[PDB]
Amino acid sequence: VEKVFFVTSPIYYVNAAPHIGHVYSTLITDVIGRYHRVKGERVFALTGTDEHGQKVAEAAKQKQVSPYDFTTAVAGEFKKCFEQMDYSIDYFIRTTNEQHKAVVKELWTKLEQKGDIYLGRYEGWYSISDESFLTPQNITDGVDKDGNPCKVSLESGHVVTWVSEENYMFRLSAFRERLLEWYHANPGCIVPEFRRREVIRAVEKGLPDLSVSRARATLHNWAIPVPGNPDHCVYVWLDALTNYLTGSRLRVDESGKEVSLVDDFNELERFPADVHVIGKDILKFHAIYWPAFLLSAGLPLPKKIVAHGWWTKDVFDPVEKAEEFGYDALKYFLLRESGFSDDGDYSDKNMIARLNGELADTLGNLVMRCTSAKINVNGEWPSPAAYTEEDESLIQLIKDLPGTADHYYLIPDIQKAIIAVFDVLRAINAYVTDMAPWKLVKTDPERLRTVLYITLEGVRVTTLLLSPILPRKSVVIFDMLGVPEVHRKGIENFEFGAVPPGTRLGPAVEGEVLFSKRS
Ligand code: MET
């Protein structure tokens, strides 16, 4: 299928200012989308804000402001944060958007028409902060904002309240077997594997029907009305999930403004998403509810959901840390340190260790060596002579790197991808140290040609595969190496030897620093 590669992030509640967590989830989305662009693929990356609901309404009230004013303000904060963070997201959707509201009504009507929505009651627990329905097995004892007894969610520890309302119910129970068939027929669809196992376990125990409307008073009328029943408002999560479907049907300005909503998702060739990036805290909504709505509506299911280890929505300001330590470096650190396990050492100490250790010493030092006037005296890419077995062994590593990094990026496990690239980087260092090209300038010019060219090409290819992570710094590196633009993207330039000998390096600004060491 030739289609637009469609990668999304969650859309974040606007009850508070954007923080780390939002920046991480969108960072992952950004990176995946950036990697597919360097492969020369069509990409559409989506991010945005979740603006309706009781949670947000009550946050706006607590600040003595109108919901319209409050969502617009916080959303603007989110837009400023993501711009400052230097992403490359193709569109920023808001659920207050009028074109979005129309897709929600369409989808609602489609589910109703398919027979999958009936009027019933929900009587049970609810976490307003998580906008989540919970069974009694999922709550426990706690304390409110005053030490007063109360019940909280096991999931998140937020206060839960009992709800007894006549609600429109979605027939989630009817989709249990079809979802299990989906999980098993596509064992890559949920990443990492242990979260794929969790979802299956849960669906296997059985599924209750899901409330998809609420009484309009309860939401403070800050919500999308149920089509043909203005007493009710569409559940914030059904509303929220439809974000993905909406964004797949929006034609976008050259300045990121929606200008048109197309009738049919096929028209823009984006739906269904090839990867949903989410945090572990919103797995049920994306891996159970979402495909059930889509199976009901006759729509196509996503290909991959990847749930990382952070808590999506919840001492570290992203922009200030990036001002201190560097943007690409901060992004690199976040991506390198965490797996699907949120047990990352995020201290200033470990940030500096990785900055100095890997960015400055492994990669930075290596770039400076092969470009320096000491070693590379003609400031160009040499023609290599004959390769020795040690030469060939390093070359093999470089030739194998792209296919390996590619598979990691596609899982997606971006940490593993970085580790693979830096293994090759550590090897190239060991080769350089072994060959001592600095001594070779004098002793053996022909030998140097070989060592230097292999060093250049290794640095080029690692840098290319590192470019979705270090997008500003890779441009600097390519500039230093003198790599023509056309060679900076495309799978054509994954191949060893795509930049010809004789290519001149780019001027030198000997106020160096690729990465300046710290503390
Ligand atoms: C459809 S993504 C919804 C995510 C939710 N608004 C959150 O912030 O966790």
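- The name the PDB entry gives the chain is Methionyl-tRNA synthetase, putative, with Trypanosoma brucei brucei as the organism.
- UniProt lists a comment for the chain under the heading Sequence similarities (unreviewed entry), and it reads "Belongs to the class-I aminoacyl-tRNA synthetase family."

## A closer look at the site of the ligand
And then number 1: Close to the ligand lie 13 residues, the nearest being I11, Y13, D50, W237 and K313.
And then number 2: Contact with the protein chains hides 100% of the accessible area of the ligand, taken as 310 Å² for the molecule alone.
And then number 3: The class makeup of the residues in the shell around the ligand is nine nonpolar, two polar and two charged.

## Comments concerning the layout of surface pockets
And then number 1: Computed from the structure, the largest pocket encloses a volume of approximately 1,100 Å³.
And then number 2: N138, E155, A202, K284 and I288 are the residues nearest the centre of the largest pocket, which is lined by 32 residues in total.
And then number 3: Listing elements by their share of the lining of the largest pocket, those giving two or more residues are β5 (132-134), α6 (193-205), β10 (210-211) and α8 (283-297).
And then number 4: Top contributing element to the lining of the largest pocket by residue count: α6, with six residues.
And then number 5: Classifying every residue of the lining of the largest pocket by side-chain character gives 17 nonpolar, five polar and 10 charged.
And then number 6: Here the lining of the largest pocket gathers at least three residues from each of two domains, domain 1 (1-115 + 237-346) and domain 2 (116-236).

## Concerning empty space enclosed by the protein
And then number 1: In this structure, the largest cavity occupies an estimated 140 Å³ of space.
And then number 2: Forming the boundary of the largest cavity are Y24, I28, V306, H308, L335, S338, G339, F340, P412, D413, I414 and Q415.
And then number 3: If you list the elements that add at least two residues to the lining of the largest cavity, you get α1 (22-38), β17 (305-308) and α13 (414-435).
And then number 4: Class assignment for the residues of the lining of the largest cavity results in seven nonpolar, four polar and one charged.

## A few points about helix α16 (residues 471-481)
Three- or four-residue spacings in an α-helix give side chains the same orientation, since the helix completes a turn every 3.6 residues.
And then number 1: Burial in α16 covers these residues: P471, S474, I477, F478, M480 and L481.
And then number 2: Those residues of α16 hidden inside the fold are in contact with α1, α10 (327-337), α11 (348-371) and α15 (445-465).
And then number 3: Phi turns positive one or two residues past the end of α16, at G482, with a value near 80 degrees.

## Topic: the side chain of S213
And then number 1: Relative to the helices and strands, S213 resides in strand β11 (residues 213-215).
And then number 2: For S213, the side chain forms a polar contact with the main-chain nitrogen of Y168, separated by 2.8 Å.
And then number 3: When sequence neighbours within four positions are dropped, the list of residues in contact with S213 reads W108, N167, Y168, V226, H232, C233 and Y235.

## Points about the side chain of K55
And then number 1: Its location among the elements puts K55 in helix α2 (residues 54-61).
And then number 2: Buried and without a salt bridge, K55 has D130 as its closest oppositely charged side chain, separated by 6.1 Å.
And then number 3: For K55, the side chain forms a polar contact with the main-chain oxygen of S129, separated by 3.0 Å.
And then number 4: In contact with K55, not counting residues within four places along its chain, are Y13, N15, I128, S129 and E131.

Reading the values: the criteria
Residues numbered from 1 in each chain as written, not as in the entry; some residues may be left out. Heavy atoms only, no water. Residues with missing side-chain atoms left out of burial classes, pairs and counts. UniProt positions renumbered as here; feature names shortened; annotations may be inferred. Near = heavy atom within 4 Å. Areas by Shrake-Rupley, 256 points an atom, 1.4 Å probe, with all protein chains shown as cover. Nonpolar A, V, L, I, M, F, W, Y, C, P; charged D, E, K, R; others polar. 1 Å grid on protein atoms, 1.4 Å probe; cavity = no way out; pocket = protein on both sides within 12 Å on 5 of 7 lines; lining within 4 Å. Points joined across faces, edges and corners; volume = space filled by probe spheres on them. Helix = DSSP H or I, 4+ residues; strand = E, 2+ residues; numbered from the N terminus. Domains from an automatic or database assignment. Buried < 20%, exposed > 50% of the residue type's maximum accessible area, 1.4 Å probe, protein only. Contact = heavy atoms within 4.5 Å. Polar contact = N/O pair within 3.5 Å; in protein donor to acceptor, adjacent residues only side chain to side chain. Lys, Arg positive; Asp, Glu negative; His and termini not counted. Salt bridge = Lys/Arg side-chain N within 4 Å of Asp/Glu carboxyl O.

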